[PDB]
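The same protein chain appears twice below, in two forms, each given on its own as structure tokens and labelled structure 1 and structure 2.
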Structure 1
């Protein structure tokens, strides 16, 4: 029964899916005398938390009742009384938490606020799905680095274009279309300058249900990005460029004018780890790395990815000189190439979508 209630809270939590953005998915359910009296979930960013909705709905039935939470109630004092505080102020007898707040220092603080108030706190109830619930958010809080998704599309023989650079029909509209989803479940979209110089993409989420465009990150070592590029001029969404001291001073000035954020790395070449650290320090919790087989290579080589997604088309391109999926340095010996694990393999239209993860 405590299982049902946690499950209930997990399902209630999934209903927030993609509406809380930076904030995580939390589900709350209040039970009094064996009867559900409160149900809630975090449905919007910067608005009422899950416990809030559950307890107001709980009314006076909250007194001496139980409450299930998918994620340790907050103790964030300030503009509002912490949910941990709302929990005791209502007379909640016992609280069931599935997992602690991933933020290192914050972890345990909410449990402690309620225990020292006399409340019996039981944890770990269905921590398993409560983990898959906020996979990226968790990672970002625990590691301090953004959850990274690498996505690429190619032919069945692993080429991403012909030997003349042609790549007009690799994957079907359905794949490109499916790839778009990931552009709304990530705080940022990252690609190299080559992509921009080559395709001049807009990197914006076209799906007819958006209201918070991801940050468009560009790794541009030498700052050769074309100034007229949509990613600078269409000014539809945020655009951040990472260069080095090899950038042209006046140009950075000219671009910043258009409202472009320019980060000058202190190293002479761009190091992915340094870039990721900065994106976290700036509040980015996830990045969808779309292009630059070289960019992908740098990510793969540094072990800077949590998930890999490749779309394969029923087509053989061939070519000694046709560009492959993972460019760059690459591992020298098989005894050193990290073993991944296939997480999913679903067909999308006529192509095949494979997805693997680390270790």
Structure 2
């Protein structure tokens, strides 16, 4: 093993400790070494609070002076919700710093390294950038593309059906699978679904796990605003509800809905385009979207190539039926030469079910 590597490693593991506590902020670890001895360690633990460097340097005490510091992400240079870390590093008299990777965030891009270099501080980057990458996939993708990180999820029988030819779907996959699916209602800032789902299952789309601290944004794709006005996603006040329609939506009805706190987004088109929906979500602050329902909705996402992750749960059952609804509705790909290739990322059993996850290639 290496020594500069052991330190960046410790920083990555320190980073993991904030997983799911930092909301929109990324996971970050910081470890200060002075005279070959660890004197400070830190991690971003809570959104809106001290960053990793702040904790590490404050712990470092007076050994901060002339010491080294390893950060999994480049020290921020902006005056946002927290003061600049780059500034804290230079004002604490840190000799040299090691950054695993640059913060793609528009208002920090490379700016944090320049701010420390011009102050004489030696900056080195690259150490374990691969794992630093695996640490904040969503945040990163969002900062680099401007579009939310999209995950598509569906449950189905082993022969690919999502219900019988009569629409029965009461028990396709076990409770263990459903419970596993709930994790995603936490790693994602929003749950996305078509109104067909609301009309059919009148879901709560809210997370029913333990660490309830910030319900996810519930997005509804409703082309002609036919959503039932009595629906949970409208009269439960449990979480933010955003609906996307077109000019074909009824003005009066549209006024009644916002009266309940629902935020409507009227698209200047005839058929809700997925790409416009994503861009708008990104612009409102949504960094991740968990697309749960609408085989047609999944179809639009798959056809336009707007997904980073695909997650299917297969049950050891066979539904059959020529007219039984399949996993992906909509247009579809004409011939094989046009169908995109994906790669399986994880195959794991959950109860009696199988969970296959794949990603674009």
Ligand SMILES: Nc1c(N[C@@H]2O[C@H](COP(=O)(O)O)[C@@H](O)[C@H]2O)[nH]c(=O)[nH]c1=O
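Residue numbers count along the first chain shown, from 1. In this text, the rigid core denotes the largest set of C-alpha atoms whose superposition between the two forms falls within 1.5 Å.
- Of the two forms shown, structure 2 is the one solved in complex with the ligand, while structure 1 is not.
- Only one of 280, 117, 106, 236 has its Cα shifted by 2 Å or more between structures 1 and 2 after fitting on the core, and that residue is 106.
- In the core-superposed comparison between structures 1 and 2, the C-alpha atom of residue 169 has shifted by less than 2 angstroms.
- In a rigid-core overlay of the protein, residue 77 has its C-alpha displaced by at least 2 Å between structures 1 and 2.
- With the core fitted, the CA of residue 251 sits 0.5 Å away from its counterpart between structures 1 and 2.
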